[PDB]
Every structure is written in C-alpha cells, then in structure tokens.
C-alpha cells in the first residue's frame, strides 16, 4: 500500500488535484493545502487506502504529524503548509 507522503508527492508531480494542493517552493519541498478544497483530497486518500470510514483532512493531518519525528514530512509555520525531506524528494 502506498504511503501517505508518497500519495501527496505523486499528486504534486501529476498535477491531478491542483486546486487542493500545490507547491510553495518545490526546490525546498514545501507545499500547501487549499483551505476550501482539501477535503476532496482527503476523501481520495481514504478511498485509495480502502479505509472503513470516510477520510477527513483532520485525520489525514493526524497521520502527517507522525512523520515529524522521522522527518519525511514536517509542518512549516505557515497556514496549511508542510515540507518533504530531501530524502523523500530525491526518491
């Protein structure tokens, strides 16, 4: 099963949900969710995973925060903004 950080990185590369997520500075790996359209992206994540319940942005971000310690994704001090690690971007 695809990992959440890879799902997001793939969306950013493909441009498929450009109204829900976008790069802020792709060289730095910073990206930002849409305040008004992030829920559609969260729904897609849960359906891709086959989860029992409908996925929400809140639950998806709960998972995102767990990457802070290992470093794949870190929260940036800007609204709805996160940052991939150099290791994630290189792969």
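Residue numbers count along the first chain shown, from 1.
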I need to verify one thing: averaged over C-alpha atoms only, is the B-factor higher for 3-11 or for 82-90? 82-90
With reference to the PDB entry, specify whether the mean Cα temperature factor is higher for 12-20 or for 71-79. 12-20
Which of 59, 65, 38, 52 ranks first by CA B-factor in the deposited coordinates: 52
Split the chain's modelled residues into thirds by Cα B-factor; residue 32 lands in the lowest
